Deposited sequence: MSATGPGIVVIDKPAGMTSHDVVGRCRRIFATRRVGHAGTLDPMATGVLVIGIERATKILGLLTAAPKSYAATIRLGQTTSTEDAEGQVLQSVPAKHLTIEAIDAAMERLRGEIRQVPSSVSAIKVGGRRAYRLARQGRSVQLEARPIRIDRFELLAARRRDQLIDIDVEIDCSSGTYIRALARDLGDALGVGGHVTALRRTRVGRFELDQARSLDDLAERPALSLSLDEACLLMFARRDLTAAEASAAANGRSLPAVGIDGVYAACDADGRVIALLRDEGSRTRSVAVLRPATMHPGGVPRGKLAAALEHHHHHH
């Protein structure tokens, strides 16, 4: 009933990204639902959902930069590298200083089936608390993907010689979408609404090209148009501002990325 669009969800802890999609299928009374990239079950925070034909732009959202707030427990390793597993190795971290921790964090910035390059762009220390023999640190991580944040925490613990694991993980950003635009699933169930319509999401994210009636008919069929030198994927709109297709300029001709209004 809402039409196509995107919804920014604040995922609850423990829930899979698949099951969020499941709940949205029920909420929006449709089977055409997808997400723009998994968020770890133990994590909370930003998960971007597409409804109806907005599923066709999900791939353009998946490589977006991400930011996380995390807590790492120094002094203990666990079987899962998070607080859900049993403690395996336990040694006091009490000798560690802010200087030592911060320096080891700085050192872990950089680039880490086919092997994929994962960038840890930022690894910033916010706070540190003593918990008897252990140290809990609150951190912020900017990365291309959060898939190996557990490994990062383990690597930090390893670097400091005390071991580490993640006790809290919260995604604060996916591309343009932060937690201030995110709603809870109960909030969404109460009043089902999109964050943005598909038109709104494309016009926010991409460059824009207004098409004549002739160009608009050709775009709706996925046929090529003359290129105008636009840089990157762009929204090709009709006279009414409706986004017909997402295109890319390649030399003198366009190539269709996705047809949104066939």
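No C-alpha positions are given for the deposited-sequence stretches 1-2, 115-142, 293-316.
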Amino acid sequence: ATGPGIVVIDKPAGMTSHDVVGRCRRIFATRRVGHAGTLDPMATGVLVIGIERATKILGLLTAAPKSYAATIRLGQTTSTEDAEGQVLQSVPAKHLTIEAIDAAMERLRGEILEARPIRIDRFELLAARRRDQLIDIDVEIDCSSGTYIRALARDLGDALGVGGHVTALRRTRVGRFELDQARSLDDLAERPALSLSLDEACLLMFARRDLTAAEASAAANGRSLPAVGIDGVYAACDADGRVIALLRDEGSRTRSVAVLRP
From here on, numbers count along this sequence of modelled residues.
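Stretches compared: 148-156, 176-184. Higher mean C-alpha B-factor in the entry: 176-184. The stretch with the higher mean CA B factor, choosing between 42-50 and 23-31, is 23-31. The top Cα temperature factor in the record, among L204, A70, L58, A219, falls on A219. Residue set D142, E111, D136, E99: peak C-alpha B-factor at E111 (per PDB entry). Annotation for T212: C-alpha temperature factor in the highest third relative to the rest of the modelled chain, per the entry.
When the modelled residues of the chain are ordered by their C-alpha B factor, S197 lands in the lowest third. Sort the chain's modelled residues by C-alpha temperature factor and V91 lands in the lowest third, per the entry. Ranked by Cα temperature factor within the chain, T167 sits in the lowest third according to the deposited record.
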